[PDB]
Structure formats: structure tokens, C-alpha cells
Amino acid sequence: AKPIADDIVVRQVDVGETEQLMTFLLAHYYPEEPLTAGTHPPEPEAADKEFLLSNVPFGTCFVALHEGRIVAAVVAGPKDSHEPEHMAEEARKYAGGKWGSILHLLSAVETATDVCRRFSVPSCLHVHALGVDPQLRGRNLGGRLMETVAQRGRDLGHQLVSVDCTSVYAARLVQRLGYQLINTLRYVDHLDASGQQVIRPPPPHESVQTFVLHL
């Protein structure tokens, strides 16, 4: 438990208490997240939510509590050099649906960045999701949760954190934290096999920008 304001506390998410975490994500992460907001239907598929929750046992997911409620959350987990092949196979299994479209894009980015080979590190702590209650945006709750993930990464011996900023607001935040931009993929440039634009999110979100932080 880490007091980050006079009223907000950062806590680790435990394996038994994920329902309130998912309730928060479904209210304040998924509806505005550009990949989710740019594919149909608006609601995330079961496999999507299940993937996020599958990171909880790693002890790498954190929430911010205000008055006994979650007002922010970050979901992160490890990856290594097999992640590009694994994402590519996940994308083709879910091909045809919303989660398949999201994975289509995330797999293109993972294959392009390939951070473990790129930077000669054995593993990476990847941030999968970051969300802040709209009433508490502007208070660098996002930044404090990112720093918490980085400290957890250091304890775990990771030499690198990576993050795909699908949102301009996430990219601006990690820029403030000194992350290094390593890849940019504009949504208009990312097509499916039939030549159709996969993700069509609202402006101002024009690209997914992947950043890394050396630990």
C-alpha cells in the first residue's frame, strides 16, 4: 500500500478480488480505449477480458483506491522472445471477431518492435491496459501507476518495460516519464487481408505508438 495523495492509495490486485477491477475497466478503460472504441461491437469479448485478468497472478497489476473504490488501474505482465510468434497465433485463432481484430493490430506491432531481440534483453514487463476514472484525470494517477509497475519490474529483475500507447493521452504521459518511442503505426495504414481498415477510432487517436523504458 502506497499513499500517492492525501486521499488515494495504490494497492496490488489479488487473485481473489478481480470482479471490482473488471467492473472498473468496463466503465472507464474499455469504452474509451481506441482499439476497443474503434472496432464493433463496443463491448469487449470474453477472451479480451479474460486475457487482462490472466495477468493478476503475476503480481504486476495495481489499482488506485479513493474512498474504498477503484479510481485507476494498470494491468501488466511478462513477455519474452516467443511473444511475437504467440501473438500471431492468437490473432489467427480469433480471426473473424472483435478480439481477433484487436489482436491483428497488436500482433503487427509486437512483430515490428520485437523488443527482446531488438535490445538484447531476456524478458520485458509489458503494460497491457491503463485506465483512470475521468473525474480524476489530470492528477498523474496514470503516471504513478506506471512508476509502480516499473518498480515491480526492477524487483523482478526485468531490464525493460514496454507499452503500446493506442491513445495520444497515454503516449503523452509516458513521454513525460522519459519513455523512448520505438514504433508508430497509423490506424489508416493498417489493413486486413481484404484491404479494409481494421481499427477506426475517434480523433485525436491517429496511431499506436510503442514506447520502452530501460530499467
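For every residue, the number given is its place in the sequence shown, counted from 1.
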Item checked: Average Cα temperature factor in the PDB entry - higher stretch of 89 to 97, 107 to 115 -> 89 to 97
Checklist line | 174 to 182 versus 39 to 47 - which carries the larger mean C-alpha B factor in the record | finding: 39 to 47
Notebook entry, point to check: Against its chain's modelled residues, does residue 143's Cα B factor rank lowest, middle or highest third?
Noted result: highest
Checklist line | residue 22 CA temperature factor, ranked by third within the chain | finding: middle
Item checked: residue 136 CA temperature factor, ranked by third within the chain -> highest
Note to self: For the chain shown, is the CA B-factor of residue 67 in the lowest, middle or highest third of its modelled residues?
What the structure shows: highest
Note to self: Can you tell me whether residue 192 has a C-alpha B-factor in the lowest, middle or highest third compared with the other modelled residues of the same chain?
What the structure shows: lowest
